[PDB]
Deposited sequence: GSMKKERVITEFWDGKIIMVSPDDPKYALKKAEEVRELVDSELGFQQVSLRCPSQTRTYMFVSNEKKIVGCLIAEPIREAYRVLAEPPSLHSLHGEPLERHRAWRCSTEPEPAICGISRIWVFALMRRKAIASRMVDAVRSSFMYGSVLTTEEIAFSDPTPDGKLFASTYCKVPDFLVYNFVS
């Protein structure tokens, strides 16, 4: 039979599923489609370790996505002295250990501020590492957009949350 859909958490307004690298090709192809949509909205032109989490609405539409990947370290984002008479941020030079890199996170614009992103990050923390629940100090975000920095600081409850650029 056709493989089962991997539901992580379920809610009144949808469910969070996850696509893993070893899943069927139609699933991996759906994950690719969603990543292309997200990169396009971020303004980017164009493997065996990323997991794609999707928030699926009750109408069976993917209205949220979070692409997660293993990492080993990340860096605290720091405050920059403002210029007196007026986009790059500076991070700590001391790396801190981290487990899960949030490479992309996206919610359909008309459904933002409904805790879809927060619940997706909860689902990642609960399912990324078998038998464990990751703390907010074990996750990091890649080069956040302004939206992402506002989300991440609220979610992790600190201004200096963990950041990384990309796993090469």
TODO: Mind pulling out the bits of the deposited sequence that never got modelled, as residue ranges from 1?
DONE: 1, 48-52, 93-101
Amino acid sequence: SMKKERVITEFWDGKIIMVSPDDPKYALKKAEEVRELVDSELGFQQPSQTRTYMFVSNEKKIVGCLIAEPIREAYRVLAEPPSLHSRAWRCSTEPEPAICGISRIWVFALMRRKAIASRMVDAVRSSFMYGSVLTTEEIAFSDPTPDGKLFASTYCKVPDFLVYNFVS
From here on, numbers count along this sequence of modelled residues.
TODO: Tell me which of 106-114 and 30-38 has the higher mean C-alpha B-factor in the deposited entry.
DONE: 30-38
Open item on the list: Regarding 126-134 and 61-69, which shows the higher C-alpha temperature factor on average in the entry?
Closed with: 126-134
Task: Which of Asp147, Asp23, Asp160, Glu10 ranks first by CA B-factor in the deposited coordinates - done: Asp23
Task: Ranked C-alpha temperature factor of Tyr53 among modelled chain residues, by third - done: lowest
